[PDB]
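S.K.: Shown below is the structure under consideration.
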Amino acid sequence: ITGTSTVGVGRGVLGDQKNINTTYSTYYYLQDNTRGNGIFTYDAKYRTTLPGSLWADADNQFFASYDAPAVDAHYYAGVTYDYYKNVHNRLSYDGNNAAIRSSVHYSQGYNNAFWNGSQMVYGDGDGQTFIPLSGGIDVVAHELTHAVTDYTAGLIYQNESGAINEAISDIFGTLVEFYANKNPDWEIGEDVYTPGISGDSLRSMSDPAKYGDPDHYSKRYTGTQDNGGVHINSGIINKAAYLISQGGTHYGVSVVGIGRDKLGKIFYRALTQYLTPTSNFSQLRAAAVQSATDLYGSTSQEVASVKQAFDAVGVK
Ligand SMILES: CC(C)C[C@H](NP(=O)(O)CNC(=O)OCc1ccccc1)C(=O)NCCCN
Ligand SMILES: [Ca+2]
Ligand SMILES: [Ca+2]
Ligand SMILES: [Ca+2]
Ligand SMILES: [Ca+2]
Ligand SMILES: [Zn+2]
C-alpha cells in the first residue's frame, strides 16, 4: 500500500519485544519499506486461501496473542533479507529485490510451514507438536531459502536433488540463526517444537541420527515416503556441512573445521554457480569442491576439508 514508513513495537511468539517496520495509511500495516521492494505480512485468518489480507493494526502496537506470529514472520524475514544482502550480496530471493510475502495463521492446528512457489506460509501448530512456526528464526530462514533455491539451482523436490534442496534450507536457516546470534545451534526448529519437551528439535545437523535421520550415505532412505525422503536424507548433507564448519571424526574419518562463514561462502557459491535442478549428492560434492577451489585455491585447507567431510558421510 502507499503510505509513510513507521516503526511499531510488539511481542513475538516467545514473548520477546521487538520493533517492526510498518506503513501508515489510515491503519498501520505490516509492510516494511526499508528492505528491497518491501516485506509484507498477511493474516490468513485460520483459512487456507492465500495470501489473505495484508496485516492491519489500529495503533502500531502488536502485543496481542493473535499478533505474535505476524510480528515474528515479519521481523525474521527482515533478518533473513539482511543476511543474504550483507553476507552474500544477494538482493531478496530473486536477486532483484522481489517483494517478500508471508501469511500467518494458516489453517487450523497446522504443524508445518512452506514456500508455495510465491510466498511463505506458517501454521500455528496444534500447541503440542508445534507452537506458531514463525517463532523460529531457523524456520523462517529455511522457508525463504526455498525461494532462493527455486530461483537459482532449481533443485527438484524429490530424491537426492530434493534432499539437497532441504539441506540447503537447513544450512542457511542455521547460518541465519547464527547471524542473529540469539541462542544459536546446529538444531532445526527447537524454538517452536514440542513446548512440553525441553532440549529436542525437529532435526539435528550435528547428529542427524538423534532423530532417526541418516548420517552416512550407506544409511540413505530409498522408499517413496516424503518425496523420496527429502527431510530424511537431508541428514547426510547436513552432517557434511556441520563437519566442514565445526570439524570432527565421523566413522573414523577426521575433518578439520573451517568455520561457519567459509561453509556459507562455499555452499552459496555451489548453489548459485554449479548446482542444477537434477544434481545428486555426488554432484554436490563436486560443486562444493569447485566452489572452495574458486574461493580459496586448489591446495587450500578449505578444499581438503570439503573432501574429508564428504568422505566422512560416504559421498564420493
Ligand atoms: C523447518 C520446518 C519447521 C518446516 C519444514 N517445512 P518445508 O520443508 O518448507 C515444507 N515444504 C514443502 O513441502 O514444499 C513443497 C511445496 C511446493 C509447492 C507448494 C507447497 C509445497 C519441514 O521440515 N517440514 C517437515 C514437516 C514438519 N512437520
Ligand atoms: Ca494494536
Ligand atoms: Ca537456537
Ligand atoms: Ca536452530
Ligand atoms: Ca521442545
Ligand atoms: Zn524445507
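We label chains A, B, ... in the order they appear in the C-alpha cells, count residues from 1 in each chain, and number ligands from 1 in the order shown.
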Within 10 Å of ligand 1, which residues of chain A show up? Give each one with its shortest atom-to-atom distance in Å (one decimal) and the two atoms involved, counting only C-alpha atoms and all ligand atoms, rows by chain then rising residue number, as a Markdown table.
M.R.:
```
| residue | atom | partner | partner_atom_place_in_ligand_line | distance |
| --- | --- | --- | --- | --- |
| A:110 | CA | ligand 1 | 28 (N) | 8.5 |
| A:111 | CA | ligand 1 | 28 (N) | 5.1 |
| A:112 | CA | ligand 1 | 28 (N) | 4.6 |
| A:113 | CA | ligand 1 | 6 (N) | 4.8 |
| A:114 | CA | ligand 1 | 9 (O) | 3.9 |
| A:115 | CA | ligand 1 | 9 (O) | 5.9 |
| A:116 | CA | ligand 1 | 19 (C) | 3.6 |
| A:117 | CA | ligand 1 | 18 (C) | 5.3 |
| A:118 | CA | ligand 1 | 19 (C) | 8.6 |
| A:119 | CA | ligand 1 | 19 (C) | 9.3 |
| A:120 | CA | ligand 1 | 9 (O) | 8.7 |
| A:121 | CA | ligand 1 | 9 (O) | 8.9 |
| A:122 | CA | ligand 1 | 4 (C) | 8.9 |
| A:123 | CA | ligand 1 | 3 (C) | 9.7 |
| A:125 | CA | ligand 1 | 28 (N) | 9.0 |
| A:129 | CA | ligand 1 | 28 (N) | 8.4 |
| A:130 | CA | ligand 1 | 28 (N) | 8.3 |
| A:132 | CA | ligand 1 | 3 (C) | 9.8 |
| A:133 | CA | ligand 1 | 3 (C) | 6.5 |
| A:134 | CA | ligand 1 | 3 (C) | 8.7 |
| A:135 | CA | ligand 1 | 3 (C) | 10.0 |
| A:136 | CA | ligand 1 | 3 (C) | 7.9 |
| A:137 | CA | ligand 1 | 1 (C) | 9.6 |
| A:138 | CA | ligand 1 | 1 (C) | 7.0 |
| A:139 | CA | ligand 1 | 1 (C) | 4.4 |
| A:140 | CA | ligand 1 | 1 (C) | 7.6 |
| A:141 | CA | ligand 1 | 1 (C) | 8.6 |
| A:142 | CA | ligand 1 | 1 (C) | 5.8 |
| A:143 | CA | ligand 1 | 9 (O) | 5.1 |
| A:144 | CA | ligand 1 | 9 (O) | 8.6 |
| A:145 | CA | ligand 1 | 9 (O) | 8.9 |
| A:146 | CA | ligand 1 | 9 (O) | 6.9 |
| A:147 | CA | ligand 1 | 9 (O) | 9.8 |
| A:150 | CA | ligand 1 | 17 (C) | 10.0 |
| A:156 | CA | ligand 1 | 15 (C) | 9.8 |
| A:157 | CA | ligand 1 | 15 (C) | 6.9 |
| A:158 | CA | ligand 1 | 15 (C) | 9.5 |
| A:162 | CA | ligand 1 | 15 (C) | 9.6 |
| A:163 | CA | ligand 1 | 8 (O) | 9.9 |
| A:165 | CA | ligand 1 | 8 (O) | 8.9 |
| A:166 | CA | ligand 1 | 8 (O) | 6.3 |
| A:167 | CA | ligand 1 | 8 (O) | 9.5 |
| A:169 | CA | ligand 1 | 8 (O) | 7.9 |
| A:170 | CA | ligand 1 | 1 (C) | 7.3 |
| A:173 | CA | ligand 1 | 1 (C) | 8.3 |
| A:188 | CA | ligand 1 | 1 (C) | 6.5 |
| A:189 | CA | ligand 1 | 3 (C) | 5.4 |
| A:190 | CA | ligand 1 | 3 (C) | 8.9 |
| A:191 | CA | ligand 1 | 3 (C) | 9.8 |
| A:192 | CA | ligand 1 | 3 (C) | 8.0 |
| A:193 | CA | ligand 1 | 3 (C) | 7.9 |
| A:201 | CA | ligand 1 | 3 (C) | 9.3 |
| A:202 | CA | ligand 1 | 3 (C) | 7.0 |
| A:203 | CA | ligand 1 | 23 (O) | 8.1 |
| A:226 | CA | ligand 1 | 13 (O) | 8.6 |
| A:227 | CA | ligand 1 | 13 (O) | 8.8 |
| A:230 | CA | ligand 1 | 8 (O) | 8.4 |
| A:231 | CA | ligand 1 | 23 (O) | 6.1 |
| A:232 | CA | ligand 1 | 23 (O) | 9.4 |
| A:234 | CA | ligand 1 | 23 (O) | 9.9 |
```
S.K.: What do you get as a ChimeraX atom specification if you pick all residues at most 9 Å from ligand 2, counting only C-alpha atoms and all ligand atoms?
M.R.: /A:10,28,56-64,67
S.K.: Tell me, as a ChimeraX atom specification, which residues lie within 10 Å of residue 304 of chain A, counting only C-alpha atoms; anything in the same chain fewer than 3 positions away does not count.
M.R.: /A:244,255-256,289,292-293,298-301,307-309
S.K.: Could you make a table, as CSV, of the residues of segment 27-57 of chain A that have an atom within 9 Å of an atom of segment 69-90 of chain A, each with its nearest atom pair and distance in Å to one decimal, counting only C-alpha atoms, in chain and number order?
M.R.:
```
residue,atom,partner,partner_atom,distance
A:30,CA,A:74,CA,7.1
A:31,CA,A:74,CA,8.3
A:32,CA,A:74,CA,8.1
A:35,CA,A:78,CA,7.3
A:36,CA,A:81,CA,8.7
A:39,CA,A:74,CA,7.1
A:40,CA,A:74,CA,7.2
A:41,CA,A:74,CA,5.9
A:42,CA,A:70,CA,7.6
A:43,CA,A:70,CA,7.7
A:55,CA,A:70,CA,8.0
```
S.K.: Using atom CA of residue 268 of chain A and atom CA of residue 287 of chain A as the two end points, give the distance in Å to one decimal.
M.R.: 10.5 Å
S.K.: Report the residues of segment 24-91 of chain A whose backbone DSSP state falls under strand (DSSP E or B), written as a PyMOL selection string.
M.R.: chain A and resi 24-25+27-29+31-32+39-43+53-54+56-57+61-62
S.K.: Tell me which of A:258, A:306, A:148, A:91 sits closest to residue 288 of chain A, counting only C-alpha atoms.
M.R.: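 Among A:258, A:306, A:148, A:91, it is A:306 that comes nearest to residue 288 of chain A.
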S.K.: In Å, with one decimal, what is the gap from atom CA of residue 97 of chain A to atom CA of residue 160 of chain A?
M.R.: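 Taking atom CA of residue 97 of chain A as the start and atom CA of residue 160 of chain A as the end point, the length is 29.8 Å.
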S.K.: Using only C-alpha atoms and all ligand atoms, pick whichever of A:155, A:207, A:48, A:7 has the shortest atom-to-atom distance to ligand 6.
M.R.: A:155
S.K.: If the limit is 6 Å from any atom of ligand 3, counting only C-alpha atoms and all ligand atoms, which residues qualify? Return them as a VMD selection string.
M.R.: chain A and resid 183 to 185
S.K.: Selection from above, N, CA and C atoms, as a compact mmCIF listing (two decimals), in the first residue's frame, can you write it?
M.R.:
```
# COMPACT_ATOMS: atom_id res chain seq x y z
N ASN A 183 20.82 -17.56 20.97
CA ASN A 183 20.78 -18.99 21.25
C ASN A 183 21.05 -19.84 20.01
N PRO A 184 22.12 -19.56 19.26
CA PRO A 184 22.32 -20.30 18.01
C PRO A 184 22.81 -21.72 18.27
N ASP A 185 22.42 -22.61 17.38
CA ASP A 185 22.78 -24.01 17.48
C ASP A 185 22.71 -24.62 16.08
```
S.K.: Fewer than 2 positions away in the same chain doesn't count, so skip those; otherwise give me all residues within 8 Å of residue 240 of chain A, counting only C-alpha atoms, as a ChimeraX atom specification.
M.R.: /A:236-238,242-244,309-310,312-313
S.K.: Please provide as a ChimeraX atom specification all residues within 9 Å of residue 221 of chain A, with the sequence filter that same-chain residues fewer than 6 positions apart are discarded (counting only C-alpha atoms).
M.R.: /A:213-214,228-229,232-233
S.K.: With N, CA, C and O atoms retained, could you export that selection as a PDB file, in the first residue's frame?
M.R.:
```
ATOM      1  N   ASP A 213      17.492 -39.780  11.440  1.00  0.00           N
ATOM      2  CA  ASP A 213      17.892 -39.434  10.091  1.00  0.00           C
ATOM      3  C   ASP A 213      19.317 -39.920   9.817  1.00  0.00           C
ATOM      4  O   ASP A 213      20.162 -39.973  10.726  1.00  0.00           O
ATOM      5  N   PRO A 214      19.591 -40.335   8.586  1.00  0.00           N
ATOM      6  CA  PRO A 214      20.911 -40.873   8.258  1.00  0.00           C
ATOM      7  C   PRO A 214      22.021 -39.836   8.362  1.00  0.00           C
ATOM      8  O   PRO A 214      21.848 -38.653   8.046  1.00  0.00           O
ATOM      9  N   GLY A 228      10.472 -39.243  -1.536  1.00  0.00           N
ATOM     10  CA  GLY A 228      11.718 -39.970  -1.575  1.00  0.00           C
ATOM     11  C   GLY A 228      12.676 -39.585  -0.469  1.00  0.00           C
ATOM     12  O   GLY A 228      13.894 -39.608  -0.678  1.00  0.00           O
ATOM     13  N   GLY A 229      12.158 -39.217   0.700  1.00  0.00           N
ATOM     14  CA  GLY A 229      12.986 -38.940   1.859  1.00  0.00           C
ATOM     15  C   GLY A 229      13.666 -37.595   1.904  1.00  0.00           C
ATOM     16  O   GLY A 229      14.758 -37.488   2.471  1.00  0.00           O
ATOM     17  N   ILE A 232      14.646 -36.595   5.255  1.00  0.00           N
ATOM     18  CA  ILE A 232      15.344 -37.695   5.915  1.00  0.00           C
ATOM     19  C   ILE A 232      16.784 -37.709   5.418  1.00  0.00           C
ATOM     20  O   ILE A 232      17.730 -37.546   6.195  1.00  0.00           O
ATOM     21  N   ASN A 233      16.961 -37.898   4.109  1.00  0.00           N
ATOM     22  CA  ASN A 233      18.295 -37.929   3.518  1.00  0.00           C
ATOM     23  C   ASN A 233      19.009 -36.587   3.566  1.00  0.00           C
ATOM     24  O   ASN A 233      20.223 -36.553   3.360  1.00  0.00           O
TER      25      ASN A 233
END
```
S.K.: Which one is closest to residue 272 of chain A: A:314, A:51, A:154, A:196? Count only C-alpha atoms.
M.R.: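 The answer is A:154, which sits nearest to residue 272 of chain A.
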S.K.: If you run DSSP on this backbone, which residues of segment 102-194 of chain A come out as alpha helix (DSSP H), and could you give them as a PyMOL selection string?
M.R.: chain A and resi 137-151+159-180
S.K.: If you measure from atom CA of residue 209 of chain A to atom CA of residue 187 of chain A, what distance in Å do you get, rounded to one decimal?
M.R.: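 Separating atom CA of residue 209 of chain A from atom CA of residue 187 of chain A is a distance of 12.1 Å.
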S.K.: Choose the residue, out of A:261, A:302, A:215, A:124, that has the smallest atom-to-atom separation from residue 66 of chain A; count only C-alpha atoms.
M.R.: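 For residue 66 of chain A, the nearest of the given residues is A:124.
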S.K.: Using only C-alpha atoms, which of A:291, A:271, A:6, A:280 sits nearest residue 153 of chain A?
M.R.: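 For residue 153 of chain A, the nearest of the given residues is A:271.
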S.K.: Name the closest residue to ligand 4 among the candidates A:15, A:109, A:127, A:199; distances are taken between atoms, counting only C-alpha atoms and all ligand atoms.
M.R.: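 Looking only at the distances to ligand 4, the closest residue turns out to be A:199.
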